[PDB]
Amino acid sequence: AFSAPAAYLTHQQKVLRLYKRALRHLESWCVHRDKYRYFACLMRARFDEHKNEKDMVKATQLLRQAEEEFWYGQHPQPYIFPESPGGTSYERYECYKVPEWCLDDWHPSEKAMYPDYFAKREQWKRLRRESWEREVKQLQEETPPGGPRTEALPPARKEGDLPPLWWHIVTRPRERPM
Amino acid sequence: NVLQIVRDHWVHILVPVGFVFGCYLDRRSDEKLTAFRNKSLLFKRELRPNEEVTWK
Amino acid sequence: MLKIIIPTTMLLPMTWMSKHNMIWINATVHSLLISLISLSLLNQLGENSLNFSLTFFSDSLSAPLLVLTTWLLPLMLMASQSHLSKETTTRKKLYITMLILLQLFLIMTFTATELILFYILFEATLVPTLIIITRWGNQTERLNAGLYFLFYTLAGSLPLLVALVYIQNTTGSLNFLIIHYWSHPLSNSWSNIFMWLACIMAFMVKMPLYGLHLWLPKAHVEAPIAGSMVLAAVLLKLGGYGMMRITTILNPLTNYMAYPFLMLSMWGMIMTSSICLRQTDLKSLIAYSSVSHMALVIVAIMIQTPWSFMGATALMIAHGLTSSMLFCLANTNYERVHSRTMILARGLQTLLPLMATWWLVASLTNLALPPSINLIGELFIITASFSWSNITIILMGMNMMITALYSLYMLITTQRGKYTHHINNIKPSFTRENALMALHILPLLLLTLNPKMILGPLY
Amino acid sequence: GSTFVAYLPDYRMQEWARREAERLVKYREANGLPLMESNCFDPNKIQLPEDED
Amino acid sequence: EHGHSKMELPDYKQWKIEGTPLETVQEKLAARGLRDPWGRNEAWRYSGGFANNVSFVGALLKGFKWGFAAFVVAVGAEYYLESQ
Amino acid sequence: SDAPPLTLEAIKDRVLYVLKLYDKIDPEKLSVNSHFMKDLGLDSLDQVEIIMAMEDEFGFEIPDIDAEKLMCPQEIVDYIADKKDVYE
Amino acid sequence: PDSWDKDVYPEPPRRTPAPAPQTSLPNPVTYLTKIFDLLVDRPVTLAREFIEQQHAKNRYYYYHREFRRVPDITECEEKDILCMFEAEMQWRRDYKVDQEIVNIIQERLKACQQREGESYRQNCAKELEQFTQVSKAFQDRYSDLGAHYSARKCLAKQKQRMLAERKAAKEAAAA
Amino acid sequence: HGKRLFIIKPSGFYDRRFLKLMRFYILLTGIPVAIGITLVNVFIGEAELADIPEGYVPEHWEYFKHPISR
């Protein structure tokens, strides 16, 4: 989610992702914790017997039979965490997420309530105004010629600098705004 | 103030005047369609002692 | 009838003698008063008509259309106030003049005891609409749209004129009362078939008929908000009113000649409702929905039974109000986002809740939720069609299902989901827009209490 | 305007037709007449064309 | 008013594999040469008030005893009253 | 809901609890900043197992791309705090 | 009530059973309807008495309009517009009155169905027969004129029907 | 527990203001109408059907029952 993606997944990453998926689906099949622990230890053992293979062609012929076997026995109704992209409360609270700029449209009678909040908001806005001018130059000088190759951003280098393009990551609404 | 807001609000009176003129013209056009007044077989009515026309 | 015509004419000198910053106020107030005065035409008779003079007469088919026409002008002015802010006083006065002239021509068209006078005013309405579309439209396609909206109309209307004069050369009159009382059957002849076609095609093109509907999406999409409102609410109903008037001389030839138009409308309602499901523009979707509703009205008029005529009148009024409201909602979104692409601005319920309620109620009336007058007309037409042939129920039910589908698709795409992040200029809804929306929607839910006012002369 | 439309006088003659039908049905039920007649006009005053086919 | 009592976690040495089905899982795992490393992470599910279980029929017969006693008292009282 | 507003201290304690209940690590040598690969000698399979244990113990899922680069208990705690928006 | 004619809208004499309490236990319906009477019916009755006295203070009348008979479309020349207008208005009024007659008979039928309860199929044959006769006559008069109906079209339909009847009778006579 | 947080939400001022204005104007005209209607029904009452006396022809507005309709 947070981390920038790469151009490809290496063989180790594919094997680890298959390991996690197979373990989760085995947990879906093996409801009870003791049965799951036994079968998960067996599953880890079955991964471990080819840990030390040196032939890349052999290792790539493997993981392929393995993912085919996974797709055969994948528990068509796996357990999903409620907040996960398949869960029952995945995007439940998106309707409560209001952008921060909407507060700029509030009536002065509305801003009369909560004066400290809006004073701190003004401070944040001033900080953003200055930091942006610094950030544009820093990103222009740090980016390689011909454009970025990976969507990874640099941190601040000097004392008073702020990380480039920070406003919409720092000012997220909330996980559960209401 | 009188004689001052008239020069700024004179236009408002025109629509109302038109409505009155249209009503008057409608009545005047009604006065030209009395060829059968108190003559239809359905409403042949004998005039009241102090009546001139059944309808205007 | 002059007590309504004269004030509408006086709207012009009052507009042109107004202060530079009082034109909208004066126009709105006096147009509302004219609407209130015109509201007294609704006291109709069970007998013939309200025959005011040799020139103008009123009917319980004409009265609802007249009242809707008078009510539409204040809403059009309120909708036009926003996007005409940066424009000179003379040009704004010209725009208001075009709207007033359109209202005057429509008012005289709907009474119009003479068929030639009806044709003259029915074609005189063309000029103000064309000027409004091709002068105060935004995109470069407006000119092209205007051309379509012109020539289609004339392509249908020029033969009618010939037919009309031909009738008066044979009958001796074109007065609607004399025509109705002295009507005679049409023999099955080639000459009579072509007279039937010349009488029908002019009104068919402006409904519009399914095959002849190309001009409508262009004209409604490229027109300004007042133009779209008047096009969808009143100008589409001229064809239905003309057909309802003119089918009295076309019997019994209508029985045979109605089949191609009945098939075209029954299949085209399905086609246009399906087109609405895949539309990337809000205005185009609303225009195609209008085409579907008018296809249903065409079926109703072609069946020519009492229930058909009552349903067609009710549906014409309800569609006018609902489509005007939908266009106004789309324009409120457009004036903020300037794109008119449905997928761009999303999740507007979280930012504009009252406007979301207006969207919901407009979609509900477009969906024909009972006991709205939309469903009253829908059901009357459907029952008449079922009596005409029991197999029409498949097409009618499919149209109902697709209509609900695309109405709720339009609501969900624009109001629900997540807001677009990069759009930060969505300002709170103005009192003008909310007042416009209420002034659209309260008349509908209040007319459902007294349906006989909009069920026509066969009630 | 809504109140004015609500209280519009009965120029459509709904109650008038109801009262006419009420008295007409009362009369025909009392006299044993067969309620509505199938002929809208009296046949004695229509002159059909003799066919002689 | 919320639940602000500064809850402190129990001791981690408290959890043991002994006396749980995790014990026999470990036994069968050792029969083939493997070990379960996350066993103690799950011992709390077999330790406290969760240690004792009830059967399906026992769950169905949740209040059979005192309800049956009420039944027998009621039927005896009715037999005594009607025999009069 | 009635769910207490968990703090950084609770997250740290719970992460260390789950880690001390992993018997391939001796608890006395465990520390918040100890690396998984080198300070404790764990394989990447052990690391993904630890991520699964954290997920099952906090009730939410860490995506593979973020999970595969979490190598210290402290940064696991930091990731959980950022996801759950913990103040102190 | 006197507000409507009992002959146009008849009702059976409304036989009701008498309460026969076989047990001494108090039925809550009686006490509950008595307290309803006390708490609801009396205040409503008193308000109605007030309103009725106020109405009696100001008494005025309205009249049912009488329409003369005029020659119908049969006594009209082929192009005499005035007599055709009179006849058309009379025919439209008669059509409305016939619609109201059918409405009255349908109301009778609905009331019978609800009133006779579980034995409506036998105890509503009278209303069904009346509605069948009235429906047949109304259909014979106005079934197929469509929109744009008139007295002339109704007369043409009647002439066609009675030509068919005359042909059928002549065929039966010469059988 | 003093953990009260600020709730970010759009301005409800304009929607409430519009609703208050619409309610005020609709009531401004409808309350006198409702009171007058009730007063008219209560004291004026309604016309009762009667037979037309011989030699008397009624006015066109004397064929209606409700006083407001008349």
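A, B, C, D, E, F, G and H label the chains in the order they appear, each numbered from 1.
By definition in this document, a residue touches a chain if its C-beta (ideal position, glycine included) is under 8 Å from a C-beta of that chain, and two chains touch if they have at least 3 such contacts.
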| item | value |
| --- | --- |
| Label of the chain whose CA centroid is most distant from the centroid of chain C | E |
| Selected interface, B-G versus B-C, where C-beta contact pairs are more numerous | B-C |
| Most centrally placed chain - per-chain CA mean versus overall CA mean | C |
| Centroid spacing, where centroids are CA-atom means, of chain D and chain E in whole angstrom | 85 |
| Separation of chain A from chain G, taking each centre as the mean of its C-alpha atoms, in whole Å | 75 |
| Centroid distance [mean C-alpha coordinates] between chain G and chain D, Å | 12 |
| Centroid distance [mean C-alpha coordinates] between chain F and chain C, Å | 66 |
| Sites on chain C at which at least two other chains make contact | 46, 350-351, 428 |
| Residue list for chain D, restricted to those that touch at least two other chains | 8-9, 13, 16-17 |
| Residues of chain G touching at least two other chains | 64-65, 89, 93, 96 |
| Pairs of chains in contact (touch as defined earlier), listed by label | A-C, A-E, A-F, A-H, B-C, B-G, C-D, C-G, C-H, D-G, D-H, E-F, E-H, G-H |
| Chain G contact footprint on chain H (complex, rising order) | 42-52, 58, 62-65, 70 |
| Interface residues, chain H side, partner chain D - complex | 33, 37, 61, 63-66, 68-70 |
| Chain H partner contacts - residues on chain C that touch it in the complex | 350-354, 428-431, 434-435, 438 |
| Interfacial residue positions of chain E with respect to chain A in the complex | 20-22, 24-25, 28-29, 34-36, 38-39, 42, 45 |
| Partner chain C, residues of chain H touching it in the complex | 10-11, 13-15, 17-19, 21-22 |
